[PDB]
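Engineer: Okay, structure incoming, though there's no sequence with it:
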Ligand SMILES: [Zn+2]
Ligand SMILES: [Zn+2]
């Protein structure tokens, strides 16, 4: 109920992409009757969205009802398209990034921009990042938990991290691209269970991969309370200690030592989980996030943090806003 | 430091299974240098185990040292063999359950048996359960978190649950046959992360699949504090409520209602995680588990429990023994 770090938005419309680029599997927007719209596989449909998902005035109203001062805006993670030709992803990223920037120009004290980047091609990613920060004025970028077969430990990605750290650019890591078929096709598991596992893998990849060691000024936030990590850190840490041969031939420091070194969003739904999240990650490093406007997110942003009779007013305020300005390097 | 619900043992020797069944993929134990054996799965040595993994005299000695009174013994999960022809698995289970039954009979005050079954052939698995419970006197069985393409919701598995329920045969679910390659082939991810995820999926499959509603008296314990479940139950519970088309099509109750309906082992490593586990699952439903003799387990069994200064004594003795006794259906 002050700043929402995790909020997704799309342009009203965009070019046909199977044409602009050639090949398929790209995602499009079809509005049938104003108020509602549909997201489409190329093949068959995969999400029914509302007016809030593209219309910034609709967004501000809802934000006024809900007490939300600013939303950090990123794209819908399905847009990442790390799987496609690189130069084509650079294109889409420019389109999405300029629309995002355009939305911030209309309401520069209600919105900020988290850019997107062609991560599968590190040096283009670097350039599109100098641009996001220095021309567009974005305070960070949103990226995926893994990039194809690369995980966030990859050496191929170190140039990007170096750049993030150079240009003071924050990173919001969003899980995406779980397994959808076979055992995971029922009960909404890729979302309910697959997303948290992707985030947990991402935190590990980075800690054990050397990233936080080789870039101590990097600002990283993970989605969904960082998945399973706050709860399974004990196991990850003890395992690092038992098999230094499987786990440390890349960075020798125990994962427990980077508690304090990264942020997570507070989208965990339960008070007991929120409490644990703050005891493990820290009161300074947890950030309110809503996943607005999707049904799986928090419906009353901050309602859970406000109900925590054990936090004091200072702590509730780091959670609703204070920690988020730190992470993005902004001022009130 | 009283009862250990989670512990594995192998026979010292077993026949060459390729020879016995006509095709490979099985594991063998080789004894080459002293106090040590190699497990090979067609090709490679994939694990080196010490004598405490097969020799009950040795286990008794370490139990004497650690203050453990009973270990509930089960085979190593790699032996589940759910992939083989249904007759051969059945043959192997009889060998392993007999070995198990022999160990137990030599020390029926220090061990209880958890048998193994040909899960991929539900009829064959009901007979072996009959035999484990009636002939062999085991209080329960150990099974995997999934059976090939089936998950714990599968209908074909239902006659098995009906058997266990009739027979007062407890179920101990252990994760296995998680992806080992690709992105999961570094930093021991399949064990640090993949295993907790497999168990979160199983708990989801059993709840949303109706299993606890169909069989209100089935008792089930899950390995490793139930994986990620206790921290991510909010997200599972909320998403269930948000998308009943995907989630409530088999069982109309929110997952939260099934808290208290199943057990988990206490193998979570940190006090904060333990405290959450019993806040969420309940003080009467967490069992001391150790994963002896593998190095990912608790090295000083009970020590995480005994260190917890918030728990009264009654609570500690529940987590150390009472809960295990209720879950197994036995007496002090
Ligand atoms: Zn999101
Ligand atoms: Zn185990």
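Structural biologist: Looks like it arrived, so ask away. Numbers count the residues shown, from 1 in each chain, chains lettered A, B, ... in the order given. Ligands and ions are numbered 1, 2, ... in the order given.
Engineer: Now do the strands in the stretch 101-250 of chain A.
Structural biologist: A:111-115, A:140-144, A:146-147, A:150-151, A:170-174, A:220-222 (DSSP state E, counting those that start in this stretch).
Engineer: how near is the most centrally placed residue in chain A to residue A:77?
Structural biologist: The centre of chain A sits closest to residue A:174, judged by Cα atoms, centre = their mean, with a distance of 3.4 Å. Distance of residue A:174 to residue A:77, computed by Cβ to Cβ, to the nearest Å: 5 Å. To be clear about C-beta, it is placed using only N, CA and C from the backbone, and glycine gets the same treatment.
Engineer: shared neighbours, those two?
Structural biologist: Common neighbours of residue A:174 and residue A:77, using Cβ atoms under 8 Å, 6 or more residues apart in numbering or on different chains, are A:142, A:144.
Engineer: Report the buried residues of the longest helix anywhere in chain A.
Structural biologist: The residue-count maximum for a helix in chain A (DSSP state H) belongs to helix A:86-106. Of the residues in helix A:86-106, A:86, A:88-93, A:95-97, A:99-101, A:103-104 count as buried by neighbour count, 16 or more other Cβ atoms under 10 Å in any protein chain shown.
Engineer: returning to that earlier point: columns distance to residue A:238 on top of the strands of the stretch 101-250 of chain A, output as a markdown table?
Structural biologist: Putting the strands of the stretch 101-250 of chain A into a markdown table (distance: least, Cβ to Cβ, whole Å) gives the following:
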| stretch | distance to residue A:238 |
| --- | --- |
| strand A:111-115 | 35 |
| strand A:140-144 | 29 |
| strand A:146-147 | 25 |
| strand A:150-151 | 22 |
| strand A:170-174 | 24 |
| strand A:220-222 | 21 |
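Engineer: mind checking which of the ones you listed is nearest residue A:33?
Structural biologist: strand A:111-115 (27.2 Å; Cβ to Cβ).
Engineer: just checking, what packs against that closest one?
Structural biologist: Contact here means 3 or more Cβ pairs under 8 Å, 6 or more residues apart in numbering or on different chains; DSSP states H and E; on that basis strand A:111-115 packs against strand A:70-74, helix A:86-106, helix A:122-134, strand A:140-144.
Engineer: Could you dump these into JSON lines with distance to residue B:148 added?
Structural biologist: JSON lines is the format used below for the helices and strands packed on strand A:111-115 (distance: least, Cβ to Cβ, whole Å):
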{"stretch": "strand A:70-74", "distance to residue B:148": "39"}
{"stretch": "helix A:86-106", "distance to residue B:148": "37"}
{"stretch": "helix A:122-134", "distance to residue B:148": "40"}
{"stretch": "strand A:140-144", "distance to residue B:148": "30"}
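Engineer: gap between the residue nearest to the centre of chain A and residue A:165?
Structural biologist: Per Cβ to Cβ, residue A:174 is found 20 Å from residue A:165.
Engineer: now swap in residue A:27 and tell me
Structural biologist: 31 Å.
Engineer: which residues does residue A:280 contact?
Structural biologist: Counting by Cβ under 8 Å, 6+ apart, residue A:280 has contacts A:230, A:233, A:259, B:272.
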